[PDB]
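Here's the structure, in structure tokens; my notes come after.
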Protein chains: 2
Amino acid sequence: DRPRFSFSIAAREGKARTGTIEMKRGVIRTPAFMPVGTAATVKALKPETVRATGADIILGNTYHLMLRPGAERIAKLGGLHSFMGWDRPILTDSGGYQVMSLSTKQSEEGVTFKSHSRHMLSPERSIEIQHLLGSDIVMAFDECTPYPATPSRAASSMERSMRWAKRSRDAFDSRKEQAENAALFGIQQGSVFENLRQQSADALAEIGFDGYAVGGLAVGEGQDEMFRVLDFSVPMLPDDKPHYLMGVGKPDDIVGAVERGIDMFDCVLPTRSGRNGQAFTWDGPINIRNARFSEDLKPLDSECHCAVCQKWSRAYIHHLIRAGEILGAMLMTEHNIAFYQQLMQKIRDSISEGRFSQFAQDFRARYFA
Amino acid sequence: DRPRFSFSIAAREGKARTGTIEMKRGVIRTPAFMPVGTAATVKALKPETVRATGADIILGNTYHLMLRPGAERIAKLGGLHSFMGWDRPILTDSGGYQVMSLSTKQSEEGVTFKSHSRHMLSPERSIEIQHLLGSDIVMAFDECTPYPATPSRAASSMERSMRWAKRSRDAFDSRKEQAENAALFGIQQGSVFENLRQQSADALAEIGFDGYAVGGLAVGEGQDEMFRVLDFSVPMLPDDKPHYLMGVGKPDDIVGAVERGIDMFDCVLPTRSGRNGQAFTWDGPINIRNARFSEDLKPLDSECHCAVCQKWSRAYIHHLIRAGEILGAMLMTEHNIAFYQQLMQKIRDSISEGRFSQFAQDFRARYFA
Ligand SMILES: CNc1nc2cc(C(N)=O)ccc2[nH]1
Ligand SMILES: CNc1nc2cc(C(N)=O)ccc2[nH]1
Ligand SMILES: [Cl-]
Ligand SMILES: [Cl-]
Ligand SMILES: [Zn+2]
Ligand SMILES: [Zn+2]
């Protein structure tokens with residue numbers, strides 16, 4: 001039987017790594033992309049279709065699930081895995097980002113908020129909610145500093161996040177069944193400031209976590225600045241644990257983040273933009289609503305191995321999306337998630353073969369041609 | 001290789017019949033239920049899922065397809081079968097019902113209408129559109145008399161429909177590829193009036209068709225009156241050809257119509273009401289939105305063999321529908337279409353075994369308990 005948590009690095013190229021996370025509910029191949037399952041569903045896909053695209057793990061949103069259908073209710077029904085029919089690992093976010101994005105009164109104890117009914121989130125309650133859901137990878141409860149942030153405000157926010165990281169650690173460890181069966185990741189903060197990022201990394205490593213997220217990015221800073229912060233921030237984290245870049249991102253963001261040592265990603269882009277008509281291809285994204293696709297018999301992408309590209313034309317999917325048909329959302333989403341997984345597979349294989357730098361260059365030349 | 005069209009009756013009980021229609025693109029088991037594929041999609045289902053539920057044939061809507069994406073466009077892309085990915089028989093309605101329901105200037109030539117752009121439908125253009133789509137069962141272009149109708153107006157409308165039935169026959173026969181590969185059904189009209197129904201049946205049998213629809217019902221008259229009209233109307237049609245009741249209906253409508261000699265059905269009820277939260281069960285319909293289902297771990301129906309009932313709870317589907325999630329529409333629709341197909345299978349098996357009258361009684365006692 002698999003362990004609670006084991007991360008093994010099988011191959012490296014520069015800062016990039018490829019390997020596996022073994023957990024009780026399955027193996028996660030890294031670098032990994034996690035489809036987002038907001039309200040206990042990856043939108044427009046059955047779980048078997050999510051798995052068929054190659055996903056090893058999905059993300060669930062604590063903030064949404066605690067509001068609807070409710071964490072205690074999900075626990076009474078047997079947990080999130082049983083409820084939605086996904087039996088593999090699930091990583092849950094802590095709610096700290098979405099509570100400030102979608103709901104607030106902030107204090108050292110936590111955050112009180114009104115649902116978009118009054119509710120409360122603290123390190124202790126966030127960890128408890130993630131336990132009730134039956135999460136496999138639990139995220140510490142933090143504060144995602146807005147961008148831009150002054151050094152003083154970034155420091156105060158990071159310091160609070162580090163105090164909350166210790167509270168998250170202790171709450172997780174107090175719950176025997178959670179501590180024995182799930183993993184806990186800490187979140188580095190510090191905005192764009194190298195000294196704060198170092199202080200945050202040091203605090204998290206002193207507490208000790210199973211993996212380390214780079215928080216506070218993809219908040220409006222742009223790719224150049226995100227990459228600049230990753231350049232110095234990722235090396236500060238323990239090398240032997242997974243590095244998770246939260247909320248990223250576009251295909252080119254993923255490639256460059258892997259070049260900088262990131263092992264895990266999540267983003268709503270493939271699902272949300274798929275429903276809006278944007279399809280990812282190796283020649284860049286296309287908007288299938290465009291009239292130029294109305295009689296195009298080619299698949300969404302000429303090389304993609306997904307079931308959508310084996311079976312339906314651009315012309316048909318164009319019609320479905322223009323007509324507002326549910327099947328349009330289904331087909332666009334399956335293709336986009338499959339494309340993302342094929343990207344991750346090419347990344348993993350190229351690192352394993354010592355040709356990832358060439359892959360990244362070739363990928364960019366074609367994607368942006 | 002299968003013939004263009006062969007209907008064979010394998011077993012009978014009273015007025016009920018069970019058998020098969022063999023066509024080039026597949027065999028249709030009768031009595032048959034056709035899921036409705038309005039705009040080149042059975043809403044929220046891949047074609048493989050439609051087939052997995054047991055459907056042998058689907059219905060396409062000429063009125064919608066001629067407006068979006070266009071009949072000539074579908075032909076240029078290879079036909080409706082290729083376009084949507086359904087390789088089995090498709091029956092297309094003629095557009096006459098939907099043009100008056102959804103769009104008008106009526107004349108002996110046809111109907112001119114504004115899209116909900118000005119457009120035209122005549123017997124000749126309707127048959128041509130159905131050819132361009134590549135329909136396997138083509139419906140004659142008619143006029144669905146509103147209910148209630150005075151005897152004079154019902155007669156005038158039926159007489160026009162019979163003139164249009166001859167024009168439909170001649171247009172179909174003029175097109176060699178259509179005449180050799182598709183079938184043509186005529187539509188009986190005459191409102192609720194026995195003498196007009198007889199005149200219409202006689203006119204259609206004189207022209208000669210591959211099958212005969214009972215038109216003009218399920219237009220507000222209620223089940224008692226629909227059954228009363230079927231009592232005298234179905235025996236007027238040729239016994240050796242299929243009898244198609246257009247736009248019907250609820251499970252109990254289907255059972256009673258089979259008792260009266262109907263072989264084919266279509267209805268949006270399972271798909272449309274599924275998206276609205278109504279699930280069919282052997283104990284009657286339920287509305288999954290109801291709070292009583294929020295913690296109900298049972299499947300939608302306790303006996304249903306569909307993939308939804310094998311895998312997900314009422315509680316989960318309740319959550320999805322309340323949240324407006326696409327997967328809720330997908331799961332409700334797959335279950336409802338599967339339920340309808342299981343109903344048709346039980347009907348076919350009970351007729352084959354000479355126990356359909358008992359099945360109908362047992363079905364009604366439980367469904368309405
Ligand atoms: C889409 N961007 C994004 N940045 C994030 C940062 C965090 C975080 N906790 O710092 C979480 C989710 C995030 N999503
Ligand atoms: C839902 N009721 C319904 N009655 C129909 C009658 C016709 C007809 N052509 O008489 C066609 C479609 C129909 N749908
Ligand atoms: Cl999404
Ligand atoms: Cl529908
Ligand atoms: Zn694809
Ligand atoms: Zn079912």
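Chain labels A, B, ... are given in the sequence in which chains occur in the structure tokens; within each chain residues are numbered consecutively from 1, and ligands are likewise numbered from 1 in the order shown.
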At a cut-off of 10 Å, using only C-alpha atoms, what residues contact residue B:163? Leave out same-chain residues fewer than 6 positions from it and give the result as a PDB file with N, CA, C and O atoms, in the first residue's frame.
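This went into out-v3.pdb:
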ATOM      1  N   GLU B 108     -51.295  28.651 -49.877  1.00  0.00           N
ATOM      2  CA  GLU B 108     -51.280  27.327 -50.486  1.00  0.00           C
ATOM      3  C   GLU B 108     -49.873  26.913 -50.911  1.00  0.00           C
ATOM      4  O   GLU B 108     -49.568  25.716 -50.970  1.00  0.00           O
ATOM      5  N   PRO B 123     -43.692  22.494 -49.104  1.00  0.00           N
ATOM      6  CA  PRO B 123     -43.396  21.055 -49.212  1.00  0.00           C
ATOM      7  C   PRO B 123     -42.079  20.784 -49.916  1.00  0.00           C
ATOM      8  O   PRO B 123     -41.258  19.999 -49.426  1.00  0.00           O
ATOM      9  N   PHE B 141     -44.366  17.699 -45.288  1.00  0.00           N
ATOM     10  CA  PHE B 141     -44.632  19.035 -44.770  1.00  0.00           C
ATOM     11  C   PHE B 141     -46.133  19.230 -44.652  1.00  0.00           C
ATOM     12  O   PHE B 141     -46.862  19.069 -45.636  1.00  0.00           O
ATOM     13  N   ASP B 142     -46.592  19.596 -43.459  1.00  0.00           N
ATOM     14  CA  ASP B 142     -48.018  19.690 -43.184  1.00  0.00           C
ATOM     15  C   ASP B 142     -48.357  20.971 -42.443  1.00  0.00           C
ATOM     16  O   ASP B 142     -47.511  21.857 -42.278  1.00  0.00           O
ATOM     17  N   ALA B 203     -56.637   9.594 -47.819  1.00  0.00           N
ATOM     18  CA  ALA B 203     -55.804  10.352 -48.745  1.00  0.00           C
ATOM     19  C   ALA B 203     -54.346   9.923 -48.651  1.00  0.00           C
ATOM     20  O   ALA B 203     -53.668   9.769 -49.677  1.00  0.00           O
ATOM     21  N   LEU B 204     -53.844   9.726 -47.427  1.00  0.00           N
ATOM     22  CA  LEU B 204     -52.446   9.352 -47.250  1.00  0.00           C
ATOM     23  C   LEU B 204     -52.186   7.951 -47.782  1.00  0.00           C
ATOM     24  O   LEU B 204     -51.154   7.706 -48.413  1.00  0.00           O
TER      25      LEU B 204
END
Could you list, as a ChimeraX atom specification, all residues that come within 7 Å of ligand 2? Count only C-alpha atoms and all ligand atoms. /B:96-97,142-144,187,189,214-219,246-248,267
Taking the backbone alone, and naming residues the way the document does, which bits of stretch 200-266 of chain A are strand (DSSP E) by DSSP, as a PDB file with N, CA and C atoms, in the first residue's frame?
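Written out: selection_8.pdb:
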ATOM      1  N   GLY A 211       4.819  20.068   1.540  1.00  0.00           N
ATOM      2  CA  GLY A 211       5.067  20.746   0.281  1.00  0.00           C
ATOM      3  C   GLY A 211       4.915  22.227   0.529  1.00  0.00           C
ATOM      4  N   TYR A 212       5.373  23.016  -0.440  1.00  0.00           N
ATOM      5  CA  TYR A 212       5.479  24.464  -0.273  1.00  0.00           C
ATOM      6  C   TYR A 212       4.905  25.148  -1.497  1.00  0.00           C
ATOM      7  N   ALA A 213       3.898  25.979  -1.279  1.00  0.00           N
ATOM      8  CA  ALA A 213       3.322  26.760  -2.353  1.00  0.00           C
ATOM      9  C   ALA A 213       3.969  28.134  -2.416  1.00  0.00           C
ATOM     10  N   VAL A 214       4.089  28.654  -3.633  1.00  0.00           N
ATOM     11  CA  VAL A 214       4.430  30.049  -3.848  1.00  0.00           C
ATOM     12  C   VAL A 214       3.101  30.782  -3.984  1.00  0.00           C
ATOM     13  N   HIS A 243       6.894  21.944  -5.043  1.00  0.00           N
ATOM     14  CA  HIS A 243       6.728  23.392  -5.131  1.00  0.00           C
ATOM     15  C   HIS A 243       5.490  23.674  -5.966  1.00  0.00           C
ATOM     16  N   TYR A 244       4.516  24.355  -5.375  1.00  0.00           N
ATOM     17  CA  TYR A 244       3.189  24.511  -5.967  1.00  0.00           C
ATOM     18  C   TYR A 244       2.943  25.985  -6.256  1.00  0.00           C
ATOM     19  N   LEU A 245       2.757  26.335  -7.523  1.00  0.00           N
ATOM     20  CA  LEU A 245       2.456  27.714  -7.904  1.00  0.00           C
ATOM     21  C   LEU A 245       0.942  27.861  -8.055  1.00  0.00           C
ATOM     22  N   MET A 264       3.819  21.891  -9.429  1.00  0.00           N
ATOM     23  CA  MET A 264       2.373  21.724  -9.401  1.00  0.00           C
ATOM     24  C   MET A 264       1.707  23.041  -9.755  1.00  0.00           C
ATOM     25  N   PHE A 265       0.563  22.933 -10.437  1.00  0.00           N
ATOM     26  CA  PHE A 265      -0.187  24.063 -10.963  1.00  0.00           C
ATOM     27  C   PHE A 265      -1.675  23.782 -10.863  1.00  0.00           C
ATOM     28  N   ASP A 266      -2.458  24.855 -10.755  1.00  0.00           N
ATOM     29  CA  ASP A 266      -3.901  24.796 -10.954  1.00  0.00           C
ATOM     30  C   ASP A 266      -4.322  26.107 -11.586  1.00  0.00           C
TER      31      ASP A 266
END
Can you check which residues of stretch 20-189 of chain A DSSP gives as alpha helix (DSSP H) on the backbone and send them as a JSON list (two decimals) with N, CA and C atoms, in the first residue's frame?
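File written: part32.json
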[["chain", "number", "residue", "atom", "x", "y", "z"],
["A", 47, "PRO", "N", -16.22, 12.91, -13.74],
["A", 47, "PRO", "CA", -14.88, 12.56, -13.24],
["A", 47, "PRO", "C", -14.14, 11.56, -14.11],
["A", 48, "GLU", "N", -14.84, 10.59, -14.70],
["A", 48, "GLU", "CA", -14.15, 9.64, -15.57],
["A", 48, "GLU", "C", -13.53, 10.34, -16.77],
["A", 49, "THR", "N", -14.17, 11.40, -17.27],
["A", 49, "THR", "CA", -13.60, 12.16, -18.37],
["A", 49, "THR", "C", -12.39, 12.96, -17.91],
["A", 50, "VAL", "N", -12.47, 13.57, -16.71],
["A", 50, "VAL", "CA", -11.29, 14.23, -16.15],
["A", 50, "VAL", "C", -10.12, 13.25, -16.09],
["A", 51, "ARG", "N", -10.36, 12.04, -15.60],
["A", 51, "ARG", "CA", -9.29, 11.05, -15.52],
["A", 51, "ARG", "C", -8.80, 10.65, -16.91],
["A", 52, "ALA", "N", -9.72, 10.47, -17.85],
["A", 52, "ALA", "CA", -9.34, 10.07, -19.20],
["A", 52, "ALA", "C", -8.41, 11.08, -19.86],
["A", 62, "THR", "N", -12.41, 25.22, -0.90],
["A", 62, "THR", "CA", -13.00, 25.25, 0.44],
["A", 62, "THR", "C", -14.06, 26.34, 0.59],
["A", 63, "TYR", "N", -13.79, 27.53, 0.07],
["A", 63, "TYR", "CA", -14.72, 28.65, 0.23],
["A", 63, "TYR", "C", -16.09, 28.32, -0.37],
["A", 64, "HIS", "N", -16.10, 27.79, -1.60],
["A", 64, "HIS", "CA", -17.38, 27.49, -2.23],
["A", 64, "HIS", "C", -18.08, 26.34, -1.52],
["A", 65, "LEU", "N", -17.35, 25.27, -1.19],
["A", 65, "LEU", "CA", -17.97, 24.08, -0.63],
["A", 65, "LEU", "C", -18.52, 24.32, 0.77],
["A", 66, "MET", "N", -17.87, 25.18, 1.56],
["A", 66, "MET", "CA", -18.39, 25.46, 2.89],
["A", 66, "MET", "C", -19.71, 26.22, 2.83],
["A", 67, "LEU", "N", -19.96, 26.94, 1.73],
["A", 67, "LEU", "CA", -21.20, 27.66, 1.53],
["A", 67, "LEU", "C", -22.26, 26.78, 0.87],
["A", 71, "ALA", "N", -19.74, 21.90, 4.44],
["A", 71, "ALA", "CA", -18.70, 20.93, 4.75],
["A", 71, "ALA", "C", -19.23, 19.80, 5.64],
["A", 72, "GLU", "N", -19.98, 20.15, 6.68],
["A", 72, "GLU", "CA", -20.57, 19.12, 7.53],
["A", 72, "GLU", "C", -21.49, 18.20, 6.73],
["A", 73, "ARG", "N", -22.28, 18.77, 5.82],
["A", 73, "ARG", "CA", -23.15, 17.96, 4.98],
["A", 73, "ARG", "C", -22.34, 17.00, 4.11],
["A", 74, "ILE", "N", -21.28, 17.49, 3.46],
["A", 74, "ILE", "CA", -20.46, 16.60, 2.66],
["A", 74, "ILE", "C", -19.88, 15.47, 3.51],
["A", 75, "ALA", "N", -19.43, 15.80, 4.73],
["A", 75, "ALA", "CA", -18.90, 14.75, 5.61],
["A", 75, "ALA", "C", -19.97, 13.71, 5.93],
["A", 76, "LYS", "N", -21.18, 14.17, 6.25],
["A", 76, "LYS", "CA", -22.27, 13.25, 6.58],
["A", 76, "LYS", "C", -22.62, 12.35, 5.40],
["A", 80, "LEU", "N", -15.98, 14.30, 0.17],
["A", 80, "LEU", "CA", -16.01, 14.87, -1.17],
["A", 80, "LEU", "C", -15.74, 13.82, -2.25],
["A", 81, "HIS", "N", -14.83, 12.88, -2.00],
["A", 81, "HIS", "CA", -14.50, 11.89, -3.01],
["A", 81, "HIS", "C", -15.72, 11.08, -3.42],
["A", 82, "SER", "N", -16.43, 10.53, -2.43],
["A", 82, "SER", "CA", -17.64, 9.76, -2.68],
["A", 82, "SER", "C", -18.72, 10.64, -3.28],
["A", 83, "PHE", "N", -18.88, 11.85, -2.75],
["A", 83, "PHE", "CA", -19.95, 12.74, -3.17],
["A", 83, "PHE", "C", -19.87, 13.02, -4.66],
["A", 84, "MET", "N", -18.69, 13.40, -5.15],
["A", 84, "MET", "CA", -18.56, 13.77, -6.56],
["A", 84, "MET", "C", -18.10, 12.61, -7.45],
["A", 96, "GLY", "N", -8.65, 31.20, 1.92],
["A", 96, "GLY", "CA", -8.16, 32.55, 2.22],
["A", 96, "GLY", "C", -8.16, 33.47, 1.01],
["A", 97, "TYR", "N", -7.84, 32.93, -0.16],
["A", 97, "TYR", "CA", -7.85, 33.74, -1.38],
["A", 97, "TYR", "C", -9.27, 34.07, -1.81],
["A", 98, "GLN", "N", -10.14, 33.05, -1.86],
["A", 98, "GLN", "CA", -11.49, 33.26, -2.37],
["A", 98, "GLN", "C", -12.35, 34.07, -1.41],
["A", 99, "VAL", "N", -12.08, 33.99, -0.10],
["A", 99, "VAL", "CA", -12.87, 34.79, 0.84],
["A", 99, "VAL", "C", -12.65, 36.28, 0.59],
["A", 100, "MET", "N", -11.42, 36.67, 0.26],
["A", 100, "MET", "CA", -11.15, 38.07, -0.05],
["A", 100, "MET", "C", -11.49, 38.43, -1.49],
["A", 101, "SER", "N", -11.58, 37.45, -2.38],
["A", 101, "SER", "CA", -11.92, 37.72, -3.77],
["A", 101, "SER", "C", -13.42, 37.79, -4.02],
["A", 102, "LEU", "N", -14.21, 37.01, -3.28],
["A", 102, "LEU", "CA", -15.61, 36.80, -3.62],
["A", 102, "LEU", "C", -16.61, 37.22, -2.54],
["A", 123, "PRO", "N", -7.53, 29.75, 10.68],
["A", 123, "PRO", "CA", -6.70, 28.56, 10.42],
["A", 123, "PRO", "C", -7.35, 27.28, 10.91],
["A", 124, "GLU", "N", -7.89, 27.31, 12.13],
["A", 124, "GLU", "CA", -8.46, 26.10, 12.72],
["A", 124, "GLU", "C", -9.71, 25.65, 11.97],
["A", 125, "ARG", "N", -10.59, 26.59, 11.62],
["A", 125, "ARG", "CA", -11.81, 26.21, 10.92],
["A", 125, "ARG", "C", -11.52, 25.78, 9.49],
["A", 126, "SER", "N", -10.54, 26.41, 8.83],
["A", 126, "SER", "CA", -10.18, 26.01, 7.48],
["A", 126, "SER", "C", -9.66, 24.58, 7.46],
["A", 127, "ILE", "N", -8.75, 24.25, 8.38],
["A", 127, "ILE", "CA", -8.23, 22.89, 8.46],
["A", 127, "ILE", "C", -9.35, 21.91, 8.76],
["A", 128, "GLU", "N", -10.27, 22.28, 9.66],
["A", 128, "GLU", "CA", -11.40, 21.41, 9.97],
["A", 128, "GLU", "C", -12.29, 21.19, 8.75],
["A", 129, "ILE", "N", -12.59, 22.25, 8.00],
["A", 129, "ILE", "CA", -13.40, 22.10, 6.79],
["A", 129, "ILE", "C", -12.71, 21.15, 5.82],
["A", 130, "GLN", "N", -11.40, 21.33, 5.63],
["A", 130, "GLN", "CA", -10.69, 20.46, 4.70],
["A", 130, "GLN", "C", -10.70, 19.02, 5.19],
["A", 131, "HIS", "N", -10.67, 18.81, 6.50],
["A", 131, "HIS", "CA", -10.83, 17.46, 7.05],
["A", 131, "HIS", "C", -12.22, 16.90, 6.75],
["A", 132, "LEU", "N", -13.26, 17.70, 6.98],
["A", 132, "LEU", "CA", -14.63, 17.24, 6.74],
["A", 132, "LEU", "C", -14.82, 16.87, 5.27],
["A", 133, "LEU", "N", -14.18, 17.61, 4.36],
["A", 133, "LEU", "CA", -14.24, 17.25, 2.95],
["A", 133, "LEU", "C", -13.46, 15.98, 2.65],
["A", 151, "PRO", "N", 6.15, 47.64, 0.86],
["A", 151, "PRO", "CA", 6.95, 46.72, 1.68],
["A", 151, "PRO", "C", 6.40, 46.53, 3.09],
["A", 152, "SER", "N", 5.92, 47.60, 3.73],
["A", 152, "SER", "CA", 5.39, 47.47, 5.08],
["A", 152, "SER", "C", 4.17, 46.57, 5.11],
["A", 153, "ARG", "N", 3.23, 46.79, 4.19],
["A", 153, "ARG", "CA", 2.00, 46.00, 4.18],
["A", 153, "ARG", "C", 2.28, 44.56, 3.77],
["A", 154, "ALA", "N", 3.20, 44.36, 2.82],
["A", 154, "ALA", "CA", 3.58, 43.00, 2.44],
["A", 154, "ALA", "C", 4.21, 42.28, 3.62],
["A", 155, "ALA", "N", 5.02, 42.98, 4.41],
["A", 155, "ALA", "CA", 5.65, 42.35, 5.57],
["A", 155, "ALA", "C", 4.61, 41.98, 6.62],
["A", 156, "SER", "N", 3.71, 42.92, 6.96],
["A", 156, "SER", "CA", 2.70, 42.64, 7.97],
["A", 156, "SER", "C", 1.82, 41.47, 7.56],
["A", 157, "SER", "N", 1.47, 41.41, 6.28],
["A", 157, "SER", "CA", 0.62, 40.33, 5.79],
["A", 157, "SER", "C", 1.36, 39.00, 5.81],
["A", 158, "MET", "N", 2.62, 39.00, 5.36],
["A", 158, "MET", "CA", 3.42, 37.78, 5.39],
["A", 158, "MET", "C", 3.60, 37.29, 6.82],
["A", 159, "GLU", "N", 3.86, 38.20, 7.76],
["A", 159, "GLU", "CA", 4.07, 37.79, 9.15],
["A", 159, "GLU", "C", 2.81, 37.14, 9.72],
["A", 160, "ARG", "N", 1.65, 37.74, 9.45],
["A", 160, "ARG", "CA", 0.40, 37.12, 9.88],
["A", 160, "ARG", "C", 0.24, 35.74, 9.24],
["A", 161, "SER", "N", 0.52, 35.64, 7.94],
["A", 161, "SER", "CA", 0.42, 34.35, 7.27],
["A", 161, "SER", "C", 1.32, 33.31, 7.92],
["A", 162, "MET", "N", 2.51, 33.71, 8.38],
["A", 162, "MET", "CA", 3.40, 32.73, 9.02],
["A", 162, "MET", "C", 2.87, 32.30, 10.38],
["A", 163, "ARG", "N", 2.28, 33.23, 11.14],
["A", 163, "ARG", "CA", 1.61, 32.84, 12.38],
["A", 163, "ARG", "C", 0.45, 31.90, 12.10],
["A", 164, "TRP", "N", -0.31, 32.18, 11.03],
["A", 164, "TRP", "CA", -1.41, 31.31, 10.65],
["A", 164, "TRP", "C", -0.92, 29.97, 10.13],
["A", 165, "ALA", "N", 0.29, 29.92, 9.56],
["A", 165, "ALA", "CA", 0.84, 28.66, 9.08],
["A", 165, "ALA", "C", 1.14, 27.73, 10.25],
["A", 166, "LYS", "N", 1.69, 28.28, 11.33],
["A", 166, "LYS", "CA", 1.91, 27.49, 12.54],
["A", 166, "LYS", "C", 0.59, 27.02, 13.13],
["A", 167, "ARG", "N", -0.42, 27.89, 13.19],
["A", 167, "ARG", "CA", -1.73, 27.46, 13.68],
["A", 167, "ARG", "C", -2.33, 26.37, 12.79],
["A", 168, "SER", "N", -2.12, 26.48, 11.48],
["A", 168, "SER", "CA", -2.61, 25.46, 10.55],
["A", 168, "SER", "C", -1.93, 24.13, 10.81],
["A", 169, "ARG", "N", -0.60, 24.16, 10.95],
["A", 169, "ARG", "CA", 0.18, 22.97, 11.27],
["A", 169, "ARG", "C", -0.34, 22.28, 12.53],
["A", 170, "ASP", "N", -0.55, 23.06, 13.60],
["A", 170, "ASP", "CA", -0.96, 22.48, 14.87],
["A", 170, "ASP", "C", -2.38, 21.92, 14.80],
["A", 171, "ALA", "N", -3.28, 22.60, 14.08],
["A", 171, "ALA", "CA", -4.64, 22.09, 13.95],
["A", 171, "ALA", "C", -4.65, 20.78, 13.18],
["A", 172, "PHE", "N", -3.90, 20.73, 12.08],
["A", 172, "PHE", "CA", -3.78, 19.51, 11.29],
["A", 172, "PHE", "C", -3.21, 18.37, 12.12],
["A", 173, "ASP", "N", -2.14, 18.64, 12.88],
["A", 173, "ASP", "CA", -1.49, 17.58, 13.66],
["A", 173, "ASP", "C", -2.36, 17.09, 14.81],
["A", 174, "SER", "N", -3.26, 17.94, 15.32],
["A", 174, "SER", "CA", -4.10, 17.54, 16.44],
["A", 174, "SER", "C", -5.13, 16.50, 16.04],
["A", 176, "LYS", "N", -5.91, 13.23, 14.49],
["A", 176, "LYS", "CA", -5.12, 12.04, 14.19],
["A", 176, "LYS", "C", -5.41, 11.48, 12.81],
["A", 177, "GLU", "N", -6.69, 11.34, 12.46],
["A", 177, "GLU", "CA", -7.03, 10.74, 11.17],
["A", 177, "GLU", "C", -6.53, 11.60, 10.02],
["A", 178, "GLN", "N", -6.60, 12.92, 10.17],
["A", 178, "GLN", "CA", -6.09, 13.82, 9.13],
["A", 178, "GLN", "C", -4.57, 13.74, 9.04],
["A", 179, "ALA", "N", -3.89, 13.81, 10.18],
["A", 179, "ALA", "CA", -2.43, 13.78, 10.18],
["A", 179, "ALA", "C", -1.89, 12.48, 9.60],
["A", 180, "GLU", "N", -2.61, 11.37, 9.78],
["A", 180, "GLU", "CA", -2.11, 10.09, 9.32],
["A", 180, "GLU", "C", -2.41, 9.81, 7.85],
["A", 181, "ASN", "N", -3.39, 10.50, 7.26],
["A", 181, "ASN", "CA", -3.86, 10.14, 5.93],
["A", 181, "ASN", "C", -3.75, 11.24, 4.90]]
Could you tell me, counting only C-alpha atoms and all ligand atoms, which protein and nucleic acid residues lie no more than 7 Å from ligand 6, written as a JSON list (two decimals) with N, CA, C and O atoms, in the first residue's frame?
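Produced file part-v3.json, reproduced below:
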[["chain", "number", "residue", "atom", "x", "y", "z"],
["B", 300, "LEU", "N", -31.24, 8.23, -8.26],
["B", 300, "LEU", "CA", -32.49, 8.83, -8.73],
["B", 300, "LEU", "C", -33.63, 7.81, -8.72],
["B", 300, "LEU", "O", -34.73, 8.11, -8.23],
["B", 301, "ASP", "N", -33.39, 6.62, -9.26],
["B", 301, "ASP", "CA", -34.38, 5.55, -9.24],
["B", 301, "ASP", "C", -33.74, 4.27, -8.74],
["B", 301, "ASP", "O", -32.61, 3.95, -9.11],
["B", 304, "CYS", "N", -33.26, 1.60, -11.81],
["B", 304, "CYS", "CA", -32.68, 2.04, -13.06],
["B", 304, "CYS", "C", -31.26, 1.53, -13.23],
["B", 304, "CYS", "O", -30.44, 1.59, -12.30],
["B", 305, "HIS", "N", -30.96, 1.04, -14.43],
["B", 305, "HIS", "CA", -29.65, 0.49, -14.73],
["B", 305, "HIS", "C", -28.68, 1.51, -15.32],
["B", 305, "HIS", "O", -27.58, 1.12, -15.73],
["B", 306, "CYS", "N", -29.04, 2.79, -15.37],
["B", 306, "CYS", "CA", -28.20, 3.73, -16.08],
["B", 306, "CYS", "C", -26.93, 4.05, -15.29],
["B", 306, "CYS", "O", -26.82, 3.78, -14.09],
["B", 307, "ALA", "N", -25.95, 4.62, -16.00],
["B", 307, "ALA", "CA", -24.66, 4.92, -15.38],
["B", 307, "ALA", "C", -24.79, 5.96, -14.28],
["B", 307, "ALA", "O", -24.02, 5.95, -13.31],
["B", 308, "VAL", "N", -25.76, 6.86, -14.40],
["B", 308, "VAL", "CA", -25.96, 7.87, -13.36],
["B", 308, "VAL", "C", -26.41, 7.22, -12.07],
["B", 308, "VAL", "O", -25.91, 7.54, -10.98],
["B", 309, "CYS", "N", -27.37, 6.29, -12.16],
["B", 309, "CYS", "CA", -27.86, 5.62, -10.96],
["B", 309, "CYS", "C", -26.87, 4.63, -10.39],
["B", 309, "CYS", "O", -26.98, 4.27, -9.22],
["B", 335, "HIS", "N", -29.94, 10.12, -17.24],
["B", 335, "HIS", "CA", -30.87, 9.26, -16.53],
["B", 335, "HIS", "C", -32.25, 9.27, -17.17],
["B", 335, "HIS", "O", -32.87, 8.21, -17.34],
["B", 336, "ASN", "N", -32.78, 10.45, -17.49],
["B", 336, "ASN", "CA", -34.15, 10.50, -18.01],
["B", 336, "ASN", "C", -34.27, 9.80, -19.35],
["B", 336, "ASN", "O", -35.24, 9.09, -19.60],
["B", 338, "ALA", "N", -32.31, 7.40, -20.38],
["B", 338, "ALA", "CA", -32.17, 5.97, -20.09],
["B", 338, "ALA", "C", -33.46, 5.39, -19.53],
["B", 338, "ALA", "O", -33.85, 4.26, -19.86],
["B", 339, "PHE", "N", -34.13, 6.14, -18.64],
["B", 339, "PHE", "CA", -35.42, 5.70, -18.11],
["B", 339, "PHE", "C", -36.42, 5.49, -19.24],
["B", 339, "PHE", "O", -37.11, 4.46, -19.29]]
